[PDB]
Number of protein chains: 2
Amino acid sequence: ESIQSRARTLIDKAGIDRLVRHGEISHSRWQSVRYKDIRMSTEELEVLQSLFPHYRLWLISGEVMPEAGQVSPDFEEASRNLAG
Amino acid sequence: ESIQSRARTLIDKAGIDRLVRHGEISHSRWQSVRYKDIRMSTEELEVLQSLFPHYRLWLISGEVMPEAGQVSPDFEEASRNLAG
């Protein structure tokens with residue numbers, strides 16, 4: 001729905017511990033942007049896009065392009081469900 | 001090179017007047033994120049990515065995928081120059 005909401009989905013998917021281990025941003029800052037009604041900055045996106053390169057197009061725009069390796073959590077879940 | 005710096009490049013490309021007409025963000029807020037040493041939020045990125053869809057992957061990551069339609073201002077300039 002928004003870049004912010006997609007970013008929050010990825011915070012949950014990674015878990016904040018993994019983000020703290022893979023960037024310079026603190027647990028308290030991650031917790032604040034995840035759960036408090038505050039803006040999320042490009043600094044948080046830096047960590048998320050580096051950790052999830054196959055989610056880059058979706059994170060910034062909500063679009064996917066599977067042929068180019070650009071997918072999303074929901075696309076991957078739908079694929080697994082249809083496979084089952 | 002950061003998301004913030006690429007975003008500022010696109011602020012200059014569009015011009016703040018045009019950005020104000022294409023989103024809910026104020027002229028003053030655009031001037032602040034462009035010219036003050038403050039963080040830029042995903043709310044500004046919303047306007048930039050919607051206005052520059054061909055620059056989405058580059059905005060979030062610095063990477064291009066020209067075969068997938070994902071380029072950058074500098075890549076287009078290099079293409080213009082090489083074409084000559």
Side-chain angles (χ1 to χ4, degrees), chain A residues 1-15 18-19 22-25 30 33-34 39-80, chain B residues 1-16 18-25 29-30 33-34 38-83:
Chain A
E1 181 265 346
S2 64
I3 298 165
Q4 173 184 230
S5 71
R6 293 188 289 267
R8 285 171 162 168
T9 293
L10 295 186
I11 293 168
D12 286 350
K13 190 171 186 305
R18 179 173 185 75
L19 302 177
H22 286 85
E24 304 282 0
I25 296 174
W30 280 116
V33 299
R34 172 60 183 89
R39 288 182 293 202
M40 191 189 285
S41 88
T42 65
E43 296 186 10
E44 285 75 46
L45 296 189
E46 296 285 0
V47 180
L48 297 172
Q49 70 86 19
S50 172
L51 192 62
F52 297 109
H54 296 285
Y55 295 158
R56 278 161 169 171
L57 183 66
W58 169 83
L59 181 54
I60 192 64
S61 73
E63 304 289 341
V64 295
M65 193 176 316
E67 302 91 337
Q70 287 297 314
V71 292
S72 66
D74 284 350
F75 182 89
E76 292 180 328
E77 176 70 11
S79 284
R80 290 188 296 262
Chain B
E1 178 190 344
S2 61
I3 297 167
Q4 175 185 228
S5 71
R6 294 188 292 268
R8 285 171 163 167
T9 291
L10 295 185
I11 289 169
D12 289 351
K13 184 172 182 61
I16 293 172
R18 183 182 187 195
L19 297 176
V20 167
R21 294 186 297 264
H22 280 258
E24 69 159 25
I25 297 173
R29 171 61 179 179
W30 281 116
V33 298
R34 175 59 183 87
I38 66 172
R39 291 191 188 132
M40 185 183 291
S41 87
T42 65
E43 294 182 0
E44 286 76 46
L45 295 187
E46 296 284 0
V47 179
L48 296 173
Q49 70 85 19
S50 166
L51 190 61
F52 296 109
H54 300 160
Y55 300 158
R56 278 161 165 171
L57 183 67
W58 171 83
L59 180 55
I60 193 66
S61 73
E63 306 291 342
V64 293
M65 283 190 74
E67 68 280 17
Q70 287 297 314
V71 292
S72 70
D74 284 350
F75 185 85
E76 292 179 328
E77 177 64 12
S79 299
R80 280 174 98 113
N81 288 345
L82 177 54

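Letters A, B, ... mirror the listed sequences (proteins, then strands); counts begin at 1. Both backbone and side-chain heavy atoms feed into the values below; hydrogens, waters and symmetry mates do not.
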What I'd like to find out is whether the side chain of [X] reaches to under 4.5 Å of the side chain of [Y], using heavy atoms alone.
| X | Y | result |
| --- | --- | --- |
| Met65(B) | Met65(A) | no |
| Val33(B) | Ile11(B) | yes |
| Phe52(B) | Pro73(B) | no |
| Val64(A) | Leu57(A) | no |

Approximate separation, where rounding is to 0.5 Å, of [X] [atom1] and [Y] [atom2]:
| X | Y | atom1 | atom2 | result |
| --- | --- | --- | --- | --- |
| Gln49(B) | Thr42(B) | CD | OG1 | 10.5 Å |
| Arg34(B) | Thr9(B) | CZ | OG1 | 7.5 Å |
| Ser61(A) | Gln70(A) | OG | CD | 9.0 Å |
| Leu51(B) | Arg18(B) | CG | CZ | 4.5 Å |
| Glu43(A) | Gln4(B) | CD | CD | 7.0 Å |
| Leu48(B) | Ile3(B) | CG | CD1 | 12.0 Å |

Checklist entry - Passes side chain to side chain contact (heavy atoms under 4.5 Å, CB included), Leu45(B) versus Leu45(A)? Steps please. => result CA-CA 11 Å; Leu45(B) 295 187; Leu45(A) 296 189; 3.3 Å; yes
Item to check | Verdict with reasoning, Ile60(B) to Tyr55(A), per side chain to side chain contact (heavy atoms under 4.5 Å, CB included) | outcome: CA-CA 10 Å; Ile60(B) 193 66; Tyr55(A) 295 158; over 6 Å; no
Checklist entry - Is there a side chain to side chain contact (heavy atoms under 4.5 Å, CB included) between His22(A) and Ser50(A) once you walk through the steps? => result CA-CA 9 Å; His22(A) 286 85; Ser50(A) 172; over 6 Å; no
Nearest heavy atoms of [X] and [Y], plus distance in Å:
| X | Y | value |
| --- | --- | --- |
| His54(A) | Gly69(A) | ND1-O, 2.9 Å |
| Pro66(A) | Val71(A) | CA-CG1, 4.1 Å |
| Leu59(B) | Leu10(B) | CD1-CD1, 4.2 Å |

Checklist entry - Looking at residues at least two apart in the chain, or sitting in another chain, which of them share a side chain to side chain contact (heavy atoms under 4.5 Å, CB included) with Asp74(B)? => result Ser72(B)
Heavy atoms of other groups near [X] [atom1], more than 12 under 6.0 Å:
| X | atom1 | answer |
| --- | --- | --- |
| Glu24(A) | CD | no |
| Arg80(A) | CZ | yes |
| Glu1(A) | CD | no |

Item to check | Test side chain to side chain contact (heavy atoms under 4.5 Å, CB included) applied to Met40(A) and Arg8(A), step by step | outcome: CA-CA 9 Å; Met40(A) 191 189 285; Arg8(A) 285 171 162 168; 4.1 Å; yes
Next on the checklist: Under a 3.5 Å threshold, yes or no: a donor from one side chain and an acceptor from the other, between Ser41(A) and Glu44(A)?
Outcome noted: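 Checked: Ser41(A)/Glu44(A) side chains pair up, N/O donor to acceptor below 3.5 Å.
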